[PDB]
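Have a look at the structure below, then the notes.
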Amino acid sequence: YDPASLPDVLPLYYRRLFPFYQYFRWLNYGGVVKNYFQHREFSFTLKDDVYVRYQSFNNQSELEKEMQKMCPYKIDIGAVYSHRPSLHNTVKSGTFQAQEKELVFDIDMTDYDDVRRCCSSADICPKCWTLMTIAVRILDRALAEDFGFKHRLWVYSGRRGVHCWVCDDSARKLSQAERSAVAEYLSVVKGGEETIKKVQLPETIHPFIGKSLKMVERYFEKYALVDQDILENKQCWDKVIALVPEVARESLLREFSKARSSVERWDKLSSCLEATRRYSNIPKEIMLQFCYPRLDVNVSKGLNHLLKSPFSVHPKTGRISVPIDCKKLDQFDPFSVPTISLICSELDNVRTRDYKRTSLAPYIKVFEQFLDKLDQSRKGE
Amino acid sequence: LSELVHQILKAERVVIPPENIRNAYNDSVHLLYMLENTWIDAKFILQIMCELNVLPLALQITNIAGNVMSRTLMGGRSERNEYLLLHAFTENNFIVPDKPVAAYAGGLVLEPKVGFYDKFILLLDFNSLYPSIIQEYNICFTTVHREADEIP
DNA sequence: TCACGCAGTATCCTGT
RNA sequence: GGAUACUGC
Ligand SMILES: Nc1nc2c(ncn2[C@H]2C[C@H](O)[C@@H](COP(=O)(O)OP(=O)(O)OP(=O)(O)O)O2)c(=O)[nH]1
Ligand SMILES: [Mg+2]
Ligand SMILES: [Mg+2]
Ligand SMILES: [Zn+2]
């Protein structure tokens with residue numbers, strides 16, 4: 001993909017591929033609340049990194065128009081305000097307030113850098129994507145069981161991670177404090193680059209942590225012991241040794257000198273820890289420190305946060321921010337995600353059904369199913 | 001201005017936040033909207049001026065008193081009466097003073113019988129009380145004998 | 001360079 | 001004791 005080719009393709013996509021009808025269905029939420037779509041904030045990033053916010057639109061036609069006119073490189077969705085953002089200058093000071101917004105989570109592979117060995121920075125590979133695969137299951141289950149949020153849209157971020165939009169009416173009316181509470185409840189791996197032991201579970205395992213460890217276990221052997229090989233050599237297993245009390249460290253080292261496979265080393269570590277009881281949760285702390293999602297509480301706490309819009313185009317990879325089907329999560333491949341160049345090649349190879357002829361169709365289908373569920377909830381209620 | 005427009009013209013005026021005028025220099029639509037807001041504010045000011053009859057009333061008051069119109073429209077009461085009496089005295093062959101380079105008892109408020117009354121209450125009020133007192137008893141500079149705090 | 005009078009009700013505070 | 005408001009005429 002040639003990023004110099006981005007300015008050539010962006011218009012066509014925004015003209016014949018961007019799913020505006022479903023997009024308006026989403027952000028309009030069945031028209032129940034008046035001025036809901038009209039008070040939504042958008043922000044655009046144009047060529048040469050020119051940023052504009054407090055953009056609002058009257059209806060789908062105005063949005064389609066101004067978007068096709070601007071051809072933005074980035075589209076971010078923001079809060080629904082007390083008035084129309086376009087007229088925020090006209091609103092008396094203090095009377096312009098963000099009132100409702102989806103509850104959103106951003107999981108970014110870059111935040112896992114201190115604990116992955118295959119890639120670094122913005123590089124991803126099939127060996128590390130399983131971490132995202134774990135996160136979506138660990139988090140989404142909580143959101144479906146502990147909090148009872150029923151309408152959850154998971155979206156690929158385009159490069160390094162995934163976003164989650166929780167759109168239940170209750171989740172859209174949550175205050176800042178309630179959002180911060182939700183984020184802290186879901187958050188376990190606490191600390192920066194200056195801390196080595198980032199998980200310190202108490203004697204009692206809270207049911208949520210038990211279910212997160214249960215989800216982790218299913219994948220741990222493949223991710224950590226086979227793929228990541230977190231015990232390949234001394235430079236790496238020294239870390240895991242650094243994560244357990246010194247008392248057994250020596251006892252482990254000799255054992256790790258006689259083990260040929262990291263699965264064997266894990267068995268040995270588990271046996272040694274079991275023999276050594278307050279430390280019976282130490283293996284769980286290691287698993288969490290290598291597998292549990294990291295959440296930027298600043299992303300989810302603030303109501304006025306602008307997050308990458310679904311079906312955006314990644315300025316560098318060119319991939320489309322496509323929704324991820326929860327059931328088919330295990331089959332999701334971030335490298336097969338349609339790029340803008342591929343879908344423009346597909347478009348120029350054959351009115352409201354043009355996208356069905358591209359590789360974008362199944363993802364718009366997943367989005368349509370999610371919107372159908374939202375409509376059913378709006379009606380039934 | 002907002003309250004004045006609300007109370008006189010019976011219309012709603014939008015307010016441009018002070019922090020948004022600077023940011024409005026990012027789109028043609030917003031800048032034109034700002035200019036139109038200024039135009040609408042000017043129109044509101046002119047409409048308020050017309051409604052109260054500020055100008056004709058100022059002219060009438062100035063003619064009655066004898067001051068300059070700008071002084072009348074600057075507000076205040078001392079200058080108007082000053083010029084009224086100046087003209088009155090000069091016309092009648094008098095030498096007016098030289099321009100400068102709770103002090104006494106006022107009205108009487110009867111002690112009320114506080115309560116609720118469900119029958120007709122008749123209010124009797126005097127017409128131009130103090131002016132009529134000045135006329136009736138002939139109270140003036142040239143009539144009362146003052147002496148440079150007792151009632152003359 | 002300025003600015004009308006007086007009678008009356010309601011609320012709130014007194015460290016360096 | 002003082003200070004801050006705004007009604008009446
Ligand atoms: N200095 C001064 N005196 C006033 C003012 N308003 C009222 N007064 C005094 C003088 C009036 O003669 C007296 C009587 O009050 P009123 O409201 O009944 O007015 P007045 O009787 O002069 O005329 P009216 O009953 O309205 O036909 O109160 C004022 O604004 N300034
Ligand atoms: Mg009277
Ligand atoms: Mg006293
Ligand atoms: Zn990798």
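Naming scheme: A, B, ... for chains in displayed order of the structure tokens; residues 1 onward per chain; ligands 1 onward as shown.
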
Long-range neighbours of residue 9 in chain D as JSON, numbers by chain, 10 Å cut-off, only C-alpha atoms (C1' of nucleotides), 2 positions minimum in chain: {"B": [106, 107, 108, 109], "C": [6, 7]}

Using only C-alpha atoms (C1' of nucleotides), which residues sit within 12 Å of residue 376 in chain A once same-chain residues fewer than 3 positions away are excluded, as a PDB file with N, CA, C and O atoms, in the first residue's frame?
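So the final result, stored in result_11.pdb, reads:
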ATOM      1  N   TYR A  29     -29.873   6.360  16.805  1.00  0.00           N
ATOM      2  CA  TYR A  29     -30.517   5.599  17.873  1.00  0.00           C
ATOM      3  C   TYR A  29     -32.040   5.692  17.797  1.00  0.00           C
ATOM      4  O   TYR A  29     -32.718   6.022  18.770  1.00  0.00           O
ATOM      5  N   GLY A  30     -32.576   5.410  16.617  1.00  0.00           N
ATOM      6  CA  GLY A  30     -34.013   5.329  16.436  1.00  0.00           C
ATOM      7  C   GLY A  30     -34.782   6.600  16.715  1.00  0.00           C
ATOM      8  O   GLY A  30     -35.972   6.530  17.030  1.00  0.00           O
ATOM      9  N   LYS A 150     -25.827  -4.933  27.013  1.00  0.00           N
ATOM     10  CA  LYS A 150     -26.352  -5.862  26.024  1.00  0.00           C
ATOM     11  C   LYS A 150     -25.965  -5.542  24.585  1.00  0.00           C
ATOM     12  O   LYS A 150     -26.034  -6.440  23.739  1.00  0.00           O
ATOM     13  N   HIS A 151     -25.570  -4.312  24.275  1.00  0.00           N
ATOM     14  CA  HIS A 151     -25.245  -3.913  22.905  1.00  0.00           C
ATOM     15  C   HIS A 151     -23.798  -3.437  22.851  1.00  0.00           C
ATOM     16  O   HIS A 151     -23.493  -2.293  23.200  1.00  0.00           O
ATOM     17  N   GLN A 369     -26.287  -6.501  11.786  1.00  0.00           N
ATOM     18  CA  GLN A 369     -26.868  -7.354  12.815  1.00  0.00           C
ATOM     19  C   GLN A 369     -26.845  -6.663  14.171  1.00  0.00           C
ATOM     20  O   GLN A 369     -27.819  -6.732  14.932  1.00  0.00           O
ATOM     21  N   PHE A 370     -25.736  -6.002  14.496  1.00  0.00           N
ATOM     22  CA  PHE A 370     -25.658  -5.278  15.761  1.00  0.00           C
ATOM     23  C   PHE A 370     -26.702  -4.171  15.818  1.00  0.00           C
ATOM     24  O   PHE A 370     -27.379  -3.984  16.840  1.00  0.00           O
ATOM     25  N   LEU A 371     -26.877  -3.448  14.716  1.00  0.00           N
ATOM     26  CA  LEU A 371     -27.888  -2.400  14.686  1.00  0.00           C
ATOM     27  C   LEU A 371     -29.291  -2.980  14.746  1.00  0.00           C
ATOM     28  O   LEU A 371     -30.191  -2.361  15.322  1.00  0.00           O
ATOM     29  N   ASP A 372     -29.501  -4.156  14.158  1.00  0.00           N
ATOM     30  CA  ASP A 372     -30.796  -4.815  14.265  1.00  0.00           C
ATOM     31  C   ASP A 372     -31.100  -5.168  15.710  1.00  0.00           C
ATOM     32  O   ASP A 372     -32.235  -5.008  16.172  1.00  0.00           O
ATOM     33  N   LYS A 373     -30.101  -5.666  16.436  1.00  0.00           N
ATOM     34  CA  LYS A 373     -30.297  -5.943  17.854  1.00  0.00           C
ATOM     35  C   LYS A 373     -30.641  -4.669  18.612  1.00  0.00           C
ATOM     36  O   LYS A 373     -31.533  -4.666  19.470  1.00  0.00           O
ATOM     37  N   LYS A 379     -37.389  -1.130  20.324  1.00  0.00           N
ATOM     38  CA  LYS A 379     -38.806  -1.424  20.155  1.00  0.00           C
ATOM     39  C   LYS A 379     -39.352  -2.174  21.362  1.00  0.00           C
ATOM     40  O   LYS A 379     -40.175  -1.631  22.105  1.00  0.00           O
ATOM     41  N   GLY A 380     -38.910  -3.414  21.563  1.00  0.00           N
ATOM     42  CA  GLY A 380     -39.360  -4.216  22.682  1.00  0.00           C
ATOM     43  C   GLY A 380     -39.504  -3.438  23.973  1.00  0.00           C
ATOM     44  O   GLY A 380     -40.489  -3.606  24.699  1.00  0.00           O
ATOM     45  N   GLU A 381     -38.533  -2.581  24.273  1.00  0.00           N
ATOM     46  CA  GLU A 381     -38.599  -1.743  25.463  1.00  0.00           C
ATOM     47  C   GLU A 381     -39.812  -0.822  25.397  1.00  0.00           C
ATOM     48  O   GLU A 381     -40.445  -0.538  26.413  1.00  0.00           O
TER      49      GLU A 381
END

Selection near residue 3 in chain C, 12 Å with only C-alpha atoms (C1' of nucleotides), sequence-local residues under 6 positions removed, as a PyMOL selection string: chain B and resi 75-79

Dump as a PDB file, in the first residue's frame, selection limited to N, CA, C and O atoms:
ATOM      1  N   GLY B  75     -28.265  60.881  30.680  1.00  0.00           N
ATOM      2  CA  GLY B  75     -28.882  60.526  31.938  1.00  0.00           C
ATOM      3  C   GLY B  75     -28.761  61.626  32.976  1.00  0.00           C
ATOM      4  O   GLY B  75     -28.096  62.647  32.785  1.00  0.00           O
ATOM      5  N   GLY B  76     -29.428  61.405  34.100  1.00  0.00           N
ATOM      6  CA  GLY B  76     -29.380  62.325  35.214  1.00  0.00           C
ATOM      7  C   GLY B  76     -30.574  63.264  35.240  1.00  0.00           C
ATOM      8  O   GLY B  76     -31.276  63.462  34.247  1.00  0.00           O
ATOM      9  N   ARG B  77     -30.798  63.855  36.414  1.00  0.00           N
ATOM     10  CA  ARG B  77     -31.903  64.772  36.634  1.00  0.00           C
ATOM     11  C   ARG B  77     -31.471  66.167  37.053  1.00  0.00           C
ATOM     12  O   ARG B  77     -32.229  67.118  36.831  1.00  0.00           O
ATOM     13  N   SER B  78     -30.289  66.320  37.653  1.00  0.00           N
ATOM     14  CA  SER B  78     -29.899  67.615  38.203  1.00  0.00           C
ATOM     15  C   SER B  78     -29.756  68.666  37.111  1.00  0.00           C
ATOM     16  O   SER B  78     -30.200  69.807  37.280  1.00  0.00           O
ATOM     17  N   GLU B  79     -29.137  68.306  35.986  1.00  0.00           N
ATOM     18  CA  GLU B  79     -28.886  69.287  34.936  1.00  0.00           C
ATOM     19  C   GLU B  79     -30.188  69.832  34.363  1.00  0.00           C
ATOM     20  O   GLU B  79     -30.300  71.033  34.081  1.00  0.00           O
TER      21      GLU B  79
END

Within 6 Å of ligand 2, counting only C-alpha atoms (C1' of nucleotides) and all ligand atoms, residues as number ranges by chain: B: 125-129

Create the file for the chosen residues now, containing N, CA and C atoms and written as a PDB file, in the first residue's frame.
ATOM      1  N   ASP B 125     -55.870  58.800  46.836  1.00  0.00           N
ATOM      2  CA  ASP B 125     -54.525  59.297  46.588  1.00  0.00           C
ATOM      3  C   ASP B 125     -54.584  60.735  46.101  1.00  0.00           C
ATOM      4  N   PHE B 126     -53.615  61.535  46.533  1.00  0.00           N
ATOM      5  CA  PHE B 126     -53.537  62.921  46.107  1.00  0.00           C
ATOM      6  C   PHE B 126     -52.879  63.021  44.737  1.00  0.00           C
ATOM      7  N   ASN B 127     -53.320  64.014  43.969  1.00  0.00           N
ATOM      8  CA  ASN B 127     -52.818  64.248  42.621  1.00  0.00           C
ATOM      9  C   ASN B 127     -51.672  65.251  42.680  1.00  0.00           C
ATOM     10  N   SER B 128     -50.474  64.809  42.305  1.00  0.00           N
ATOM     11  CA  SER B 128     -49.288  65.662  42.295  1.00  0.00           C
ATOM     12  C   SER B 128     -49.151  66.404  43.627  1.00  0.00           C
ATOM     13  N   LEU B 129     -48.929  65.609  44.675  1.00  0.00           N
ATOM     14  CA  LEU B 129     -48.992  66.135  46.035  1.00  0.00           C
ATOM     15  C   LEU B 129     -48.030  67.301  46.230  1.00  0.00           C
TER      16      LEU B 129
END

Secondary structure check, alpha helix (DSSP H) residues of range 38-117 of chain B, as a ChimeraX atom specification: /B:38-52,54-65,69-73,78-91

Counting only C-alpha atoms, chain B residues within 10 Å of chain A, as a PyMOL selection string: chain B and resi 13-24+26-27+30+33-34+37

Restricting the output to N, CA, C and O atoms, write the selected residues as a PDB file, in the first residue's frame.
ATOM      1  N   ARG B  13     -32.216  36.269  21.809  1.00  0.00           N
ATOM      2  CA  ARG B  13     -30.944  36.618  21.194  1.00  0.00           C
ATOM      3  C   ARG B  13     -29.906  35.563  21.545  1.00  0.00           C
ATOM      4  O   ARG B  13     -29.744  35.210  22.717  1.00  0.00           O
ATOM      5  N   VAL B  14     -29.209  35.066  20.532  1.00  0.00           N
ATOM      6  CA  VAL B  14     -28.154  34.083  20.744  1.00  0.00           C
ATOM      7  C   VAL B  14     -26.889  34.803  21.190  1.00  0.00           C
ATOM      8  O   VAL B  14     -26.640  35.959  20.826  1.00  0.00           O
ATOM      9  N   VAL B  15     -26.077  34.114  21.987  1.00  0.00           N
ATOM     10  CA  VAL B  15     -24.860  34.675  22.560  1.00  0.00           C
ATOM     11  C   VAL B  15     -23.667  33.933  21.978  1.00  0.00           C
ATOM     12  O   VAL B  15     -23.627  32.696  21.998  1.00  0.00           O
ATOM     13  N   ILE B  16     -22.704  34.684  21.460  1.00  0.00           N
ATOM     14  CA  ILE B  16     -21.461  34.120  20.941  1.00  0.00           C
ATOM     15  C   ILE B  16     -20.456  34.078  22.089  1.00  0.00           C
ATOM     16  O   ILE B  16     -20.074  35.144  22.595  1.00  0.00           O
ATOM     17  N   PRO B  17     -20.013  32.902  22.528  1.00  0.00           N
ATOM     18  CA  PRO B  17     -19.064  32.842  23.643  1.00  0.00           C
ATOM     19  C   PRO B  17     -17.803  33.621  23.324  1.00  0.00           C
ATOM     20  O   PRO B  17     -17.336  33.619  22.175  1.00  0.00           O
ATOM     21  N   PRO B  18     -17.218  34.308  24.309  1.00  0.00           N
ATOM     22  CA  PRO B  18     -15.995  35.074  24.027  1.00  0.00           C
ATOM     23  C   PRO B  18     -14.847  34.213  23.538  1.00  0.00           C
ATOM     24  O   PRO B  18     -14.003  34.695  22.772  1.00  0.00           O
ATOM     25  N   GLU B  19     -14.788  32.950  23.958  1.00  0.00           N
ATOM     26  CA  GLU B  19     -13.699  32.065  23.566  1.00  0.00           C
ATOM     27  C   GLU B  19     -13.906  31.438  22.195  1.00  0.00           C
ATOM     28  O   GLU B  19     -12.975  30.810  21.677  1.00  0.00           O
ATOM     29  N   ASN B  20     -15.086  31.587  21.596  1.00  0.00           N
ATOM     30  CA  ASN B  20     -15.361  31.004  20.291  1.00  0.00           C
ATOM     31  C   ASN B  20     -15.147  31.974  19.138  1.00  0.00           C
ATOM     32  O   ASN B  20     -15.021  31.526  17.995  1.00  0.00           O
ATOM     33  N   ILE B  21     -15.097  33.280  19.402  1.00  0.00           N
ATOM     34  CA  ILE B  21     -14.866  34.235  18.323  1.00  0.00           C
ATOM     35  C   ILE B  21     -13.498  34.000  17.695  1.00  0.00           C
ATOM     36  O   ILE B  21     -13.353  34.002  16.467  1.00  0.00           O
ATOM     37  N   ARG B  22     -12.475  33.794  18.526  1.00  0.00           N
ATOM     38  CA  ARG B  22     -11.142  33.522  17.997  1.00  0.00           C
ATOM     39  C   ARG B  22     -11.126  32.237  17.178  1.00  0.00           C
ATOM     40  O   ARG B  22     -10.541  32.195  16.090  1.00  0.00           O
ATOM     41  N   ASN B  23     -11.763  31.181  17.685  1.00  0.00           N
ATOM     42  CA  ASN B  23     -11.753  29.901  16.984  1.00  0.00           C
ATOM     43  C   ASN B  23     -12.625  29.917  15.738  1.00  0.00           C
ATOM     44  O   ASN B  23     -12.479  29.037  14.883  1.00  0.00           O
ATOM     45  N   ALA B  24     -13.524  30.895  15.612  1.00  0.00           N
ATOM     46  CA  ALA B  24     -14.379  30.984  14.435  1.00  0.00           C
ATOM     47  C   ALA B  24     -13.603  31.283  13.162  1.00  0.00           C
ATOM     48  O   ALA B  24     -14.160  31.131  12.072  1.00  0.00           O
ATOM     49  N   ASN B  26     -11.820  29.636  11.379  1.00  0.00           N
ATOM     50  CA  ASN B  26     -11.421  28.346  10.843  1.00  0.00           C
ATOM     51  C   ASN B  26     -12.377  27.839   9.773  1.00  0.00           C
ATOM     52  O   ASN B  26     -12.120  26.780   9.193  1.00  0.00           O
ATOM     53  N   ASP B  27     -13.463  28.557   9.494  1.00  0.00           N
ATOM     54  CA  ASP B  27     -14.413  28.166   8.465  1.00  0.00           C
ATOM     55  C   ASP B  27     -15.164  29.408   8.010  1.00  0.00           C
ATOM     56  O   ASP B  27     -15.451  30.294   8.819  1.00  0.00           O
ATOM     57  N   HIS B  30     -18.675  29.900   9.770  1.00  0.00           N
ATOM     58  CA  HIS B  30     -18.646  30.429  11.131  1.00  0.00           C
ATOM     59  C   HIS B  30     -18.348  31.924  11.142  1.00  0.00           C
ATOM     60  O   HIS B  30     -18.946  32.675  11.921  1.00  0.00           O
ATOM     61  N   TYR B  33     -21.363  33.730  10.078  1.00  0.00           N
ATOM     62  CA  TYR B  33     -22.335  33.685  11.165  1.00  0.00           C
ATOM     63  C   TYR B  33     -22.003  34.714  12.237  1.00  0.00           C
ATOM     64  O   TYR B  33     -22.899  35.352  12.794  1.00  0.00           O
ATOM     65  N   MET B  34     -20.716  34.879  12.547  1.00  0.00           N
ATOM     66  CA  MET B  34     -20.308  35.895  13.514  1.00  0.00           C
ATOM     67  C   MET B  34     -20.683  37.292  13.027  1.00  0.00           C
ATOM     68  O   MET B  34     -21.223  38.112  13.785  1.00  0.00           O
ATOM     69  N   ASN B  37     -24.296  37.779  13.349  1.00  0.00           N
ATOM     70  CA  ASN B  37     -24.655  37.999  14.745  1.00  0.00           C
ATOM     71  C   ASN B  37     -24.439  39.453  15.136  1.00  0.00           C
ATOM     72  O   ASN B  37     -25.270  40.052  15.830  1.00  0.00           O
TER      73      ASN B  37
END
